[PDB]
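Just one chain follows, in the form deposited in one PDB entry, and it is written as structure tokens.
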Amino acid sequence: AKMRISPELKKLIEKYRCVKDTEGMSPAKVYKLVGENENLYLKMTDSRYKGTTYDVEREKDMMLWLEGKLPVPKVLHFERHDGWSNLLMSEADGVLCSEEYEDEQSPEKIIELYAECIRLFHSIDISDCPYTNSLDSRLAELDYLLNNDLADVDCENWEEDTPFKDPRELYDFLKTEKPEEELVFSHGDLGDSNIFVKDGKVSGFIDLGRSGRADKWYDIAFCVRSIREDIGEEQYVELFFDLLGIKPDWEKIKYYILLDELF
């Protein structure tokens, strides 16, 4: 078994009214620390995932590295207590993108924000980026996640696409169709649930576990995925690409989409 938080962190959480999140489909625990002067956010991952891209210990390193680079939360407190990586952070600036256009019907504005993140990422210098997440490192991690049954291979939200009938089939296809990689700055989980906007621009990025070096089509692929499922009109997928000023590599896009199927 295990535990949770330390005494120190048990003080702050007591001082703020705590509310338990339910927006994190991940193995992490997320709590909002409602406060009088502000709100703080606590996120915790158990040992089983240490060293993995879910380990907040890593999300924290990356969160520290983006200071003065991208709009990310401020690392307040971090600790390893009872085989748990606990991160205390400040409340992202802005509104959740999913809740800024929740009613939606502002397709082009979403497409803009997505395309804005992309251009933005292709600005962060990865000369000193802490982690490299090339397919090699990622297929490595996946394999590992499967061997230790650390991944949900039964009840996930598959894409209606995934041509495969079992986990290893997919793994194999990935480990076998690896596109060439042009390393840029990758978020690792670009989606309206992990992005914050304000007054019309992006004002915050959170959920930075797989943040680091990675092919450029990785994030783009994700935006395509979201765009398609949430708007469902090839029309705005094209527009997205027009705003990016790039031609779609449907092979890479598909590929990278699949790579996320088991995470």
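We call the rigid core the largest set of C-alpha positions that still match within 1.5 Å between the two forms. The first residue of the shown sequence is 1; numbering continues from there.
The same protein also exists as the form deposited in another entry; that form is not shown, yet it is the one meant from here on.
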In 166, 125, 103, 180, the 2 Å or greater C-alpha shift between this form and the one not shown, rigid core superposed, occurs only at 103
Superpose on the rigid core, then tell me if the C-alpha of residue 239 is displaced by 2 angstroms or more between this form and the one not shown. no
Core-aligned C-alpha movement of residue 156 between this form and the one not shown reaching 2 Å: yes
Once the core is aligned, does residue 19 move its Cα by at least 2 Å between this form and the one not shown? no
Residue 205 and residue 156: their C-alpha distance differs by 3 angstroms or more in the other entry. Do they come closer or move farther apart compared with the shown form? farther
Your call: residue 161 and residue 176 CA atoms, closer or farther in the other entry versus the shown structure, by 3 Å or more? farther
